[PDB]
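Visitor: Before the rest arrives, take these chains from my complex:
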Amino acid sequence: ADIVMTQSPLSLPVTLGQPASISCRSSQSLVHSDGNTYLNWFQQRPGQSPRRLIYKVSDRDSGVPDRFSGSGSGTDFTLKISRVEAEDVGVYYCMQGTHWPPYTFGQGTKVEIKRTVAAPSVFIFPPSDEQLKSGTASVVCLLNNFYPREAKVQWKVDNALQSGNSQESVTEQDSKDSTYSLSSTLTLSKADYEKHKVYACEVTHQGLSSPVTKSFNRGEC
């Protein structure tokens, strides 16, 4: 069976100039019979290929900044950043090369910038008249510039909770203010759309003492 590589945490908020560390654990020993422990660490940025930073637990790749270091033994390993810089955001993977085939990787640890909690500004948008006369209704809820990333969006149509008929999308953390934005799209047939009156988007977020709701009534402005 594959060696299972388990990284934690799944997401790590970091503070510039402060240390960070992430954990990688293997399902069995990575000590090879030749005496080496083949455990590698990678950084990946969006749009870019993975870049190896550390190999055989603690050897640092050439050109890799010495604020990165690796340690551990057996089944338990650690990647440490002594003083986090802005370019250190992204996804980090571990990889074992002791047992193969196949080589196996952890499922990644996302590194992001920590900031103060910020509530989302919420906006709801009814479908356009143009879209409606094509037989489909898209209703859009926008959550603007919030932190942290975790947020719950619920669609209620005449107070009936929806599920299975919407999709979300989230922006990468903003490089200047370190917030996220999120869009949720409710999709209905023109027929189903006209069978109801009240369309509402309910937002739960740490920055909101109680869930915020934005709504409209179909056919009224």
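Guide: Arrived safely, thanks for sending. Residues are numbered from 1 along each chain as shown, chains lettered A, B, ... in the order given.
Visitor: looking at this, residue A:100 is in a strand?
Guide: No. Assignment of residue A:100 by DSSP: H, G, I helix; E, B strand; the rest coil gives coil, placing it outside any strand.
Visitor: and stretch A:127-141, how far apart are its ends?
Guide: End-to-end distance of stretch A:127-141 (Cα to Cα, to the nearest Å): 11 Å.
Visitor: And it, how far out from the chain middle?
Guide: Centroid separation for stretch A:127-141 versus its chain: 29 Å, with Cα atoms, centre = their mean, to the nearest Å.
Visitor: Return the set of buried residues in it.
Guide: Neighbour-count burial for stretch A:127-141, counted by 16 or more other Cβ atoms under 10 Å, picks out A:127, A:137-141. Backbone N, C-alpha and C define where each C-beta goes, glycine included.
Visitor: Using TSV, lay out the residues you listed together with distance to residue A:72 and secondary structure.
Guide: Formatted as TSV, these follow (distance: Cβ to Cβ, whole Å; DSSP: H, G, I helix; E, B strand; the rest coil):
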residue	distance to residue A:72	secondary structure
A:127	54	coil
A:137	54	strand
A:138	49	strand
A:139	50	strand
A:140	47	strand
A:141	44	strand
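Visitor: Could you work out the most separated pair of these?
Guide: Spatial extent of the buried residues of stretch A:127-141 (Cβ to Cβ) is set by the pair A:137 and A:141 at 13.6 Å.
Visitor: following sequence is chain B, place it on the structure:
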Amino acid sequence: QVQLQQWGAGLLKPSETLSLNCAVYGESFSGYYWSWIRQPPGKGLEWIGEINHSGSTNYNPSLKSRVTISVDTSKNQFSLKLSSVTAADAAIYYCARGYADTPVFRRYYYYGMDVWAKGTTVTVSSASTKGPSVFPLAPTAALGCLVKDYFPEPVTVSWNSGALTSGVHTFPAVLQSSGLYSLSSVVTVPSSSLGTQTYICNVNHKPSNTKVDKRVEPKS
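Guide: If we add chain B to the chains shown above, we get the following:
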């Protein structure tokens, strides 16, 4: 320093065979394995297989039945073929230099997934090329454009031909059940300017030669 150059078709349909290739420049073609690795949308890394200059291979057992990896030493090139593709095979694929191919060099030399090509985004879909429809998201106020039902990625969105950039959020596309993509681009603007400022989203989708400018204004 080893460099890798990667090419091959990334858009394909179910049941067809994926065919990617890489070429090696800058160092010897011998002494290490040459490997393929993939990364499914929003998920981790999966090692697929490898081959060395002499043609010895190792394959991931979960894919062995559909994977063939070959080498062509006279050009210093190696190739991957993945047959009967389905949506599950959708991923970014990379070729990469693996470990040394002999024990003593494997023990002492730094090699091991240390050089990676640029990734090829692979999509597996039955969809045909289609330009997007562009709908307004009518209005600190917020407004935007809904860019719906297009294939394949990508589209680009600008606002007022580039003159408006501050406060713009253009979301990642979601792939809908129809197999077509959809996205929204939004911008926050001062409410006091709504009646005296014009907002237009400029939408380009190259495969379909779609160029749409949609003006977005308050309703009735």
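Visitor: now with chain B: the buried residues of stretch A:127-141?
Guide: Residues A:127-128, A:131-132, A:136-141 are the ones in stretch A:127-141 that count as buried (16 or more other Cβ atoms under 10 Å in any protein chain shown).
Visitor: Please parse chain A into its domains.
Guide: A:1-114, A:115-221 (curated CATH domains).
Visitor: The first one near chain B anywhere?
Guide: This points to domain A:1-114. Yes. Using Cβ under 8 Å from any Cβ of the partner chain, domain A:1-114 reaches chain B at A:34-36, A:38, A:40, A:42, A:49-52, A:55, A:59, A:61, A:93, A:95, A:97, A:100-108.
Visitor: Restricted to strands, list those.
Guide: A:40, A:42, A:51-52, A:55, A:59, A:93, A:95, A:104-105 (DSSP state E).
Visitor: Let me see the contact set for the residue nearest the centre of chain B.
Guide: When Cα atoms, centre = their mean is applied to chain B, the residue found nearest the centroid is residue B:121 (2.9 Å). By Cβ atoms under 8 Å, 6 or more residues apart in numbering or on different chains, the contact list for residue B:121 reads B:10, B:92, B:153.
Visitor: roughly how far apart are it and residue B:153?
Guide: 8 Å (Cβ to Cβ, to the nearest Å).
Visitor: I'd like to know which of the contacts of residue B:121 are buried.
Guide: B:10, B:92.
Visitor: Pick the one among the contacts of residue B:121 closest to chain A.
Guide: Distance to chain A across the contacts of residue B:121 (Cβ to the nearest Cβ) is lowest for residue B:92, with 8.6 Å.
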